[PDB]
Amino acid sequence: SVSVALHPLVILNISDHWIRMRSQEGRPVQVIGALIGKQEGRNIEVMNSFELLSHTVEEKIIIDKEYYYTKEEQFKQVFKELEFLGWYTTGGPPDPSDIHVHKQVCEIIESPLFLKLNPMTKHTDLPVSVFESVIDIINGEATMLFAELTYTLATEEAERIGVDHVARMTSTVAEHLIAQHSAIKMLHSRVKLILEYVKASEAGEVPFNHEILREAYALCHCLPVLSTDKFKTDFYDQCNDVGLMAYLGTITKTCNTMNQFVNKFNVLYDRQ
Amino acid sequence: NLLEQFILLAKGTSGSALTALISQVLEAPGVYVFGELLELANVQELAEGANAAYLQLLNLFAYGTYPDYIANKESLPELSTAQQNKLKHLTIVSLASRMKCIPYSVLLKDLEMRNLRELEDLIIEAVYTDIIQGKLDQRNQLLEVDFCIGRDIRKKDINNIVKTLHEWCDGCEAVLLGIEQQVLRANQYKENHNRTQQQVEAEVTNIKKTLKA
Amino acid sequence: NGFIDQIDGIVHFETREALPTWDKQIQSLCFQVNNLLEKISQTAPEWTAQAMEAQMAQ
Amino acid sequence: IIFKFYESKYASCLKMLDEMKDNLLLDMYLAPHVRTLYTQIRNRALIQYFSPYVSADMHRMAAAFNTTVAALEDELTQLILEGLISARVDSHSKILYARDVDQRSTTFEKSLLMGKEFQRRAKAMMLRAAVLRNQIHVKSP
Amino acid sequence: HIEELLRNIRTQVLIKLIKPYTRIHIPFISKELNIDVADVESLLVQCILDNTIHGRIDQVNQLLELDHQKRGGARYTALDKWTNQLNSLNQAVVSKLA
Amino acid sequence: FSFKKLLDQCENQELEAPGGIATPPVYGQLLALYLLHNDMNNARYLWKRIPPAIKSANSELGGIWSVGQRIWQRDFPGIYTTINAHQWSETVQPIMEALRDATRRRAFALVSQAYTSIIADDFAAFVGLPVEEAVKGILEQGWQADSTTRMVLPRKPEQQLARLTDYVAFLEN
Amino acid sequence: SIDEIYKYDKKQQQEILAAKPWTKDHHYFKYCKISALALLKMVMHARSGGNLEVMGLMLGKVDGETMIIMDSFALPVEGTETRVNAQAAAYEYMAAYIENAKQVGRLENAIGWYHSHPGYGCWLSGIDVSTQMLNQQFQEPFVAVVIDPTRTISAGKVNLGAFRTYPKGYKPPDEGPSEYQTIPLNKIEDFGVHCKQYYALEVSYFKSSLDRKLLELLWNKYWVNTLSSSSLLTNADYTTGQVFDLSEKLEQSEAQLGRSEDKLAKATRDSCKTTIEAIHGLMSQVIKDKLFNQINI
Ligand SMILES: [Zn+2]
């Protein structure tokens, strides 16, 4: 249905919330929050998140509406164009408790997103999962179910630089080239694996899967990337502009060296 | 999911029923790849018999283009309404696989169309099926393709995949080596320049010290 | 968004500048690489583990 | 005269200006400047006439200044030679086209020229330093 | 005051008319406004002079070309200033070795 | 190709080989080979420094400085006429066999952007062919002629990453 | 034991606050530890602020001589860098947000304030210095954080600074290293006058155990955004303001040459940094071209 563009700040917020709640109680607990972002048509972009206060009575947990309204009034002052989108939580697969809480959330917004983060996972992929509520009629009653959505990580130079600096934790051209040496090393180690799988399928080591060998053909056909005639005029425009800027930089540095040498010369060989 | 549904429906059928299922598969919308149907033993068994025409049709729909239904039109069975449109869509995909800026003249020639409006309508309805994604430029008469699906493959094309993936792997490795070399050279340059500066300063200090005589 | 040229007669929509388009296509190609690797890792885990533990520990 | 100059009516503004030319030449404080003002007014009209136009017809341009195309060509050449009108004359269909300077090409050209001059000056200064260090000069003897 | 009145309506109509276009036909404007070609050309000249219409007329083709594209005009100006200042700094540095 | 090596060989045999004056063979060879490379500035001085004894004895050299003036005061029909006037031994025959091709290519390159519409009669004198033979051979290159008026319209026909690192290492010292 | 820092000990904090070591030595606070989430939130807010100056408050505590910062929330105020004690304009918000946070496990008290310096480096101006003096007088302990988002994007490195001022009437001894920073001409005076009244802390960053796991799993789809992003087209307007400022600096340099200490070297240092950033913006594009547009048949 819709397309979701997640932000790493939301994931960091959820992780910090869970760590804080666990460190203050000595036992892991399930946390509840709220997501705010921008939606333009069918493109939902989750930007920020905040915490919510929930009260667990008997065996059902409820979300305090007045607290959420207070938090909405507070955050509308700072971020004006951001709007409520859905809620998040920590756990495994969706649960009846989650589908009960989703009804209370949906009482506020017509189509709220659901985000679930698994803090104790065992796979090699990000444990964030996004769901949307789809209602259905069956057996003579209405049941509301969860449909999974596919998300993509959003792009921003400031956010990317902050995330890289946080992840890493320790010449100016020997420190910029390493940030581009750790991303090519990840693309190469995937293209190599795809090539190995293709060769294994050719010589015969794994069952012949048609879908994978068709997607690999499409991937191969995708190169070169945009070699049109208009591209190799903008690219060269940029190259020549940077070349001229570099030329002027060297002229300025040579003028500085000029001045230094002339000053040092009009001391020794001065006869006036 | 349609192709596997038809394959399950064709687990044991053969003869006329298999040909009817083949025609229904070729007409069914959303099925633009027929490779798992071709791998079936009974489907491939149609060569020995009077039904080799349907096997030829399936091969044409899996690996061929619309102009190929210009020389084998007499031998092949009659093509339906939606089947011709599907073949034209697959021809568009085949053209877009090679080049990413398809001129209007090429599409008009191979797709066997006479009007610009008919061609543009066919391209638009092909885009709506999400087999290709692109934009139409009319001042320059081009179709700019940003994404296209991968059609079917033979057993003799995988060598090409290996060939064009080896080049990418080698290019990535050569870029990495160059990056490491540049880092090394820059560090060496910086170290040499500051060693020279510190040596000049040490010489000047020694001259200053010996000057006190 | 666009503008009308009345001399020959043409309405122009957005033009998709070359360099941002190049960046978008790079993003899409890398997304295809990631999805293909995930598919390979999912449809053959036992071979995928052996393949991963042949260049990381190399 | 003022109100028809303002409204871009130069066919008769100039004619009325010329009708009283031999009546201010008899003025004592204004005669020596009549030549300077009347030339300055006309040059201000020619620039104003070719200002909303990107491709003007020189026949109607010359018919609105009570002159001929042959003399208007000389006037426009003089005006273009200095930085008053950025235009080019097409003396085949007699059309005055408005030109636009390319900022990028001009920047590149002037920057390359500056670099060439700087290198020439640097070499000259190095030679000057050598001759000054060696103390080379011609004695009066 | 009638000519003053029935000239500030045509100005607003013409200003709104040229908003979506980049190249317009003068005879096409002569149809919306119940005026001749010679009147709309003069109105366009008066509007263009008093910084109200950002465009230029094309007499030989009876056109109106509106200004819509804005290339980078701040980077090249900065580069020109930098070049012109280096051209003087270099001379000032060199002249010290007299 | 091979003519540049011959040129530098005659230059060396002019400088260090002789006792001030070289043999008329190499003198005329150098004089004629300067014209092939379009170096009239050097050829004029080569003719000016020739002693007034080889000129009056080996008159054939005076013939060579009869093509040169035609290149000097640019005159293509003069070049073509004067080339086909004199003859010498097997030392300038291949020189004025590549000079012909060079001049005929220079004329073709000259009337390809300087002229946008030229009479066929003038084009024949430029290239150096009869008019009828010139027009028929023109049409292959794509230049559109126009008969009954003779107005041929000529028609126009690896370490960057290291360099950027070198610039950065210089700016930051 | 990485998450041990996340534990909040109310009694220990009360004891440390009651003791007040810092009132006996003006050079007490020397380290500033910042959480990952706090840094991300500050950078995001400063970037979203556009070319204007945005300010906010940040929560944390003190441990020994170290200033620990765990969270930050933006304030709805505008016009900073020109009004002294701007945060008071939203003081009620300070009550409303913090009292909400204490309900959801956020127990740490207010520890400092931060603001952005878009495109003119990280330091404290006169107004900022006065505000920091007021905060240190009435809200001790406290720390001032200055962020530069535009230079963070341009240089590819996080540009952040934590400063604490000296009490009025105190003379600071020596301490004149003065690491160079490019300051625009229109603001070159404010840096000169107020340069000895504050000292910068040593900034370090920390992250929890779950953040490390999520960040190493996140570097599997996030490598796309590295070599699919253009730096030249992003900060194209920054290196025009920089060139204008450099050209104006060369004016004063040449004026002095015709006769505020050796301005030519400083102008050269600025030109070198701008040109180095420009060349860095092109090296990445050359690499992308070598990887993606050279694999044809
Ligand atoms: Zn400030």
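So basically every Cβ, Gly included, is an ideal-geometry build from the backbone, and we count neighbours across all protein chains shown. Quick note: the coordinates plus some simple rules give every number you see, no bench work behind them.
Given the residues A:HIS188, A:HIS165, A:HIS210, A:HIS181, which is the only one that is closer than 30 Å to G:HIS45 by Cα and within 14 Å of chain B (Cβ to nearest Cβ)? Can you show your working first?
On the way: A:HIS188 fails: closer than 30 Å to G:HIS45 by Cα; A:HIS165 fails: within 14 Å of chain B (Cβ to nearest Cβ); A:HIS210 fails: closer than 30 Å to G:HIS45 by Cα.
One residue alone meets the criteria, A:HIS181.
Going through the range A:242-272 one residue at a time, which ones are in contact with a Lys or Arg (Cβ under 8 Å, 6 or more places away or on another chain) and in a helix (DSSP H, G or I)?
Residues of the range A:242-272 that are in contact with a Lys or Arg (Cβ under 8 Å, 6 or more places away or on another chain), as a first pass: A:259, A:262-263, A:266, A:269.
Result: A:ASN259, A:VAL262, A:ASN263, A:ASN266.
On the basis of being more than 14 Å from chain G (Cβ to nearest Cβ) and on the phi < 0 side of the Ramachandran plot, does E:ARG71 make the cut? Walk me through it before giving the result.
Details: more than 14 Å from chain G (Cβ to nearest Cβ): no; on the phi < 0 side of the Ramachandran plot: yes.
In short, no.
Name the pairs whose Cβ atoms lie under 7 Å apart, with the first residue in the range G:125-148 and more than 20 Å from G:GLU65 (Cα to Cα), the second near the ligand (Cβ under 10 Å from one of its atoms) and assigned to a helix (DSSP H, G or I), and 6 or more positions between them or separate chains?
Pairs found: G:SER125/G:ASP190; G:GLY126/G:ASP190.
Look at the range D:39-89 and say how many of its residues are of a type in the set (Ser, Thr, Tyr) and assigned to a strand (DSSP E or B). Spell out how you get there, then give the answer.
At the first step, the residues of the range D:39-89 found to be of a type in the set (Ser, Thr, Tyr) are D:39, D:49, D:51, D:53, D:55, D:67-68, D:77, D:86.
Those still in the list that are assigned to a strand (DSSP E or B) too: D:53, D:55.
Number satisfying all stated conditions: 2.
Yes or no, residue by residue, for (1) away from the ligand (no atom under 16 Å from the Cβ); (2) polar (S, T, N, Q); (3) over 23 Å from G:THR150 (Cβ atoms):
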| position | (1), (2), (3) |
| --- | --- |
| G:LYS7 | yes, no, yes |
| G:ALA19 | yes, no, yes |
| G:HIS45 | no, no, no |
| G:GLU65 | yes, no, yes |
| G:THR80 | no, yes, no |
| G:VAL84 | no, no, yes |
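Considering only residues that are crowded, with 19+ Cβ neighbours inside 10 Å and more than 14 Å from chain A (Cβ to nearest Cβ), look in the range G:27-52 and name the one that is nearest to G:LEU214 (Cα to Cα).
G:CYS32
Taking the stated definitions as given, is F:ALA17 of a type outside the set (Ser, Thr, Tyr), out of contact with any helix residue (DSSP H, G or I) (no Cβ under 7 Å at 6 or more places or on another chain), closer than 30 Å to F:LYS156 by Cβ and part of a loop (DSSP other than H, G, I, E, B)? Steps first, answer last, please.
Details: of a type outside the set (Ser, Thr, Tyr): yes; out of contact with any helix residue (DSSP H, G or I) (no Cβ under 7 Å at 6 or more places or on another chain): yes; closer than 30 Å to F:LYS156 by Cβ: no; part of a loop (DSSP other than H, G, I, E, B): yes.
No.
Out of all the residues in the range D:26-49, which are over 28 Å from the mean Cα position of the chain (by Cα) and aliphatic (A, V, I, L, M)? Break it down into steps so the answer makes sense when it comes.
First, the residues of the range D:26-49 that are over 28 Å from the mean Cα position of the chain (by Cα): D:26-29.
Answer for the range D:26-49, where residues must be over 28 Å from the mean Cα position of the chain (by Cα) and aliphatic (A, V, I, L, M): D:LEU26, D:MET28.
Got a number for residues in the range A:20-43 being over 14 Å from the mean Cα position of the chain (by Cα) and either buried (at least 22 other Cβ atoms within 10 Å of the Cβ) or part of a strand (DSSP E or B) (or both)?
Taking the range A:20-43 first, the residues over 14 Å from the mean Cα position of the chain (by Cα) are A:20-36, A:38-43.
Checking which are either buried (at least 22 other Cβ atoms within 10 Å of the Cβ) or part of a strand (DSSP E or B) (or both) leaves us with A:20, A:31-36, A:38-40, A:43.
Summing the residues that are over 14 Å from the mean Cα position of the chain (by Cα) and either buried (at least 22 other Cβ atoms within 10 Å of the Cβ) or part of a strand (DSSP E or B) (or both) in the range A:20-43 gives 11.
Within the range G:220-246, track down each residue that is β-branched (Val, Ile, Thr) and either surrounded by fewer than 19 Cβ atoms within 10 Å (Cβ to Cβ) or more than 7 Å from every other protein chain (Cβ to nearest Cβ) (or both).
Result: G:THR234, G:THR239, G:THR240.
Taking the range G:130-172, which residues are of a type in the set (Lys, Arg) and under 26 Å from G:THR274 (Cβ atoms)?
Within the range G:130-172, the subset of a type in the set (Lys, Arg) is G:151, G:157, G:164, G:168, G:171.
Passing the criteria: G:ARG151, G:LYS157.
Under the condition of being more than 10 Å from chain E (Cβ to nearest Cβ) and among the hydrophobic types (A, V, I, L, M, F, W, C), which residue from the range D:86-129 is surrounded by the most Cβ atoms within 10 Å (Cβ to Cβ)?
D:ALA87
Please find, within the range G:196-219, the residue that is surrounded by the fewest Cβ atoms within 10 Å (Cβ to Cβ) out of those that are farther than 30 Å from G:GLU65 by Cα and facing chain A (nearest Cβ under 7 Å).
G:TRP219
Given the conditions (1) part of a helix (DSSP H, G or I); (2) loosely packed, with under 14 Cβ neighbours inside 10 Å; (3) within 14 Å of chain B (Cβ to nearest Cβ), which single one is not true for F:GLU158?
(1)
I'd like to check which strands (runs of 3 or more DSSP E) are fully inside the range G:101-182 and have at least 2 residues that are of a type outside the set (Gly, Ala, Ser) and more than 16 Å from the ligand (Cβ to nearest atom).
Details: elements: G:109-116, G:144-147, G:160-165.
Here the list reads G:109-116.
State which residue is nearest to the chain's Cα centre (by Cα) when the search covers only the range E:43-68 and only residues that are facing another protein chain (nearest Cβ under 7 Å) and among the acidic types (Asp, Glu).
Going through the qualifying residues, I end up with E:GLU65.
Being in a helix (DSSP H, G or I) and within 11 Å of chain G (Cβ to nearest Cβ): is that true of A:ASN13 here?
Details: in a helix (DSSP H, G or I): yes; within 11 Å of chain G (Cβ to nearest Cβ): yes.
Yes, satisfied.
Would you kindly identify the helices (runs of 4 or more DSSP H) lying entirely within the range B:101-213 that contain at least 2 residues that are within 14 Å of chain A (Cβ to nearest Cβ) and not small (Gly, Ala, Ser)? Working first, answer last.
Details: elements: B:104-111, B:116-128, B:158-210.
The qualifying helices (runs of 4 or more DSSP H) are B:158-210.
Looking at the range F:139-147, is at least one residue part of a helix (DSSP H, G or I), touching a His at 6+ places or on another chain (Cβ under 8 Å) and either closer than 26 Å to B:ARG195 by Cβ or not β-branched (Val, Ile, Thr) (or both)? Let's see the steps before the verdict.
Applying the first criterion (part of a helix (DSSP H, G or I)) to the range F:139-147 yields F:139-141.
Add one more test, that the residue is touching a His at 6+ places or on another chain (Cβ under 8 Å), and what stays is none.
The answer is no, given that none of the residues of the range F:139-147 is part of a helix (DSSP H, G or I), touching a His at 6+ places or on another chain (Cβ under 8 Å) and either closer than 26 Å to B:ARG195 by Cβ or not β-branched (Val, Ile, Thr) (or both).
Residue by residue, here is whether (1) closer than 30 Å to A:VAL242 by Cβ; (2) surrounded by 14 or more Cβ atoms within 10 Å (Cβ to Cβ) holds:
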| position | (1), (2) |
| --- | --- |
| E:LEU6 | no, no |
| E:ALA38 | no, no |
| E:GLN46 | no, yes |
| E:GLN59 | no, yes |
| E:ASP67 | yes, no |
| E:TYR76 | yes, yes |
| E:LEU79 | yes, yes |
| E:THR83 | yes, yes |
| E:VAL94 | yes, yes |
